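Single chain ahead, written as structure tokens, the form deposited in one PDB entry.
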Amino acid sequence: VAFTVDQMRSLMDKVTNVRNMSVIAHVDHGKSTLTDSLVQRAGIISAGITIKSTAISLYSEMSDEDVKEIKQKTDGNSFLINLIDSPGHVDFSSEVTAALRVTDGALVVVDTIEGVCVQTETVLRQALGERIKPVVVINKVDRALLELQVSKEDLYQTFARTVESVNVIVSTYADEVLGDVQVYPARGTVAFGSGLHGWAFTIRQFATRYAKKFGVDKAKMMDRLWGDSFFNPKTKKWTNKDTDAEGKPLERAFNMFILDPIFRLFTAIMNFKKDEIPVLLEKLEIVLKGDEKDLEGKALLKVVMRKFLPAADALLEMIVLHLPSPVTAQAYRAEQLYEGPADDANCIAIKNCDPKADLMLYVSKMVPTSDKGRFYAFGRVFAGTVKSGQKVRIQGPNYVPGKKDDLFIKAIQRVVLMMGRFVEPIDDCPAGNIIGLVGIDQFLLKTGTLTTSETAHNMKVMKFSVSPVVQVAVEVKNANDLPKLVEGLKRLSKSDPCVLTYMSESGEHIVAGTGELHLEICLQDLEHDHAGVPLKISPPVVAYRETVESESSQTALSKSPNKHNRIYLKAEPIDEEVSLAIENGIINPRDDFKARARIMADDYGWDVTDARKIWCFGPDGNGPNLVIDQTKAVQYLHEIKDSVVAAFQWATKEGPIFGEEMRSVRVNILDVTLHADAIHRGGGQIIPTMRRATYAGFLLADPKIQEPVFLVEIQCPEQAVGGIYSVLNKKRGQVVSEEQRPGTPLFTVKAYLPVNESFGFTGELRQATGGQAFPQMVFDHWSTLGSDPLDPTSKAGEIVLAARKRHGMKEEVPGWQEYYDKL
């Protein structure tokens, strides 16, 4: 239905009547199909900016009678359901947790024949870890009848085992505090049906029907519809034994009043017995509407079943009557989501979902919009109320109430509703809802916390990283479409914050991502959408870094082509601390040279003199490398600065060991000799000189290369934890810590995994831990290899040689003499 901003807003005020959930299900189990059905049924539409569908709004109403069956404070008969989107494959670990972390309920879809598959089993565990209440649905029942032609009782036993498997998981991993959260068909928290045909039901639905034909308060009618309850046709009595006085068998209630009606329509219709179909239909009060009347076979059944048991409503019934509101859940989920004092003024505000308290808005992800290459923040308001124009404190990943690091006190440009693909402006939004924000893109990379309390900690952060550690070269197989590639690359980088596209000096087009899969996906979407033009992709490669271990053996020197200008310099190492400081905004390029100097001098042991002479950082004008002007009385020096800097940008972007980026490299310009006339001191002249000197210096300062390393966090049952250490030991992995979740048998191992050793990691971990393991890995740090990159047989040199060959460069590494003056 269509709603106005007011209606929506009004609906968002009754949080007790809101439901934040997700759909946990394997894609091959009608995940997409079932979800649609809810959209095609209760999808909310508003009465020119498009976005990437992240959440769908659903509306549903119920009778004052139904509202009562809700064992949780409510108000009104209207309900707002937020269907938050989930990934297709489990490998997307990090974003699976993202969706879950903002939901309270969950619609777990299980298959009739196959039951609970491994994958779904795993995600369900994670959901339980976030304290999500599950509600089950056994889909694909049709496949049971049509294919297996199973009997009423065998199909029953099936569901039984299935529901049993699920609860084995639910009880083993749900928190004791939460209380019994197992699903029980008799209690209306398990629906059965078929997404294909579009039907589904709950014991509670047939119980409201058979409700009076027997003189029963449905409470006991649905209680009988499952388990061991029988109705003797003859005695016309309800018994609790599968046999009558003599010993003859008795059909269970479920098989009698539920499975039988359905089983006949199937048998009637699929056998084309036109004499029965009409009779059978009228009895169930199923009125075909003109055109549908002529249908027969699947076509018909498909239409009958829809009018009979509308799949959409069965699911929408469970969502409202059993899934917790953003009020019930936050009371027991707050502590877990706040990384501050469980009694902190905010943590409390979280529990009480108080719209009056200081803001506590959680940003789960940044979504691409049409309005430029801008991104809108997607999240949930756990406390207080967010409103357009309101200025907020944007607390990033590294923030800590104590310091001022990673903070951005800005103003929220606009608040909008994530109506799937379209956004709808709204003044404010009280705690308990999923909302969208406009104007944070340049403050939050992906995840983050927005507050108002100056003493507010961040909420359970989700480690993400923007460090390009894997990349490839893209080429067009048919040269004609080249411009179409030049466009999609620009298009791709615009859709994702963490992908990167650029051109190397060699003129190649590069695509770099967060990991093997992340890039993998990026590449598909490029050859299929953004460019849709056939491409030649190069094999995966790990990005390294070129660095120095000491000060240049001796002064490095180079002169321009003119032979009139000279640059004298030396290179020296930068402390990992400083580099990190630079990487983490502490030491900033845009800062006041004086303030910045004070910092480096004080907190990092740098001579305030040198620090005040910083000429630039690099690459990209902000990398962890510096050029320090230690010259003394060099006339015209400033007239060559831009050139010097420019050169430094290229020198640091592609070093001399093998084209990789420099890291933690210090360049001190010792002396300079310049032609008196500017004409001869142009860029064409200085730029190459500095570049060469730098290289020389570099090669003289004892060269070394760094390799990136991941920090992988793994969830896994004590039983399978074996496979973990197993694979970690064949990848040079380093265990950092292993803990257990108090109650359950769920260990959580954390270790370091060398990026250049992580190719196909998930695939191998799969086999190893019987698929019970759930990975979560992010870039952690750069490791300086010990071996000499210059020695071909060494370990680093091996990397270098291969890389060099790959790039078609001279197999050997240039000695410093090649860049030093040819004197």
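We call the rigid core the largest set of C-alpha positions that still match within 1.5 Å between the two forms. In this text, residue numbers run from 1 along the sequence as written.
Below, we refer to the form deposited in another entry, which is not included among the displayed structures.
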Shifts of 2 Å or more in the Cα, rigid core superposed between this form and the one not shown, apply to only one of 165, 267, 171, 550; name it. 550
Rigid core fit then residue 585 CA moved by 2 Å or more between this form and the one not shown: yes
Compare the position of the CA of residue 184 between this form and the one not shown after a rigid core fit and state whether the shift reaches 2 Å. no
Rigid core fitted, is the C-alpha displacement of residue 776 between this form and the one not shown 2 Å or more? yes
Specify closer or farther for residue 176 and residue 720: how their Cα atoms are spaced in the other form versus the shown form, given a shift of 3 angstroms or more. closer
Knowing the shift is 3 Å or more, I'd like to know if the C-alpha atoms of residue 32 and residue 776 are closer or farther apart in the other form than in the shown chain. farther
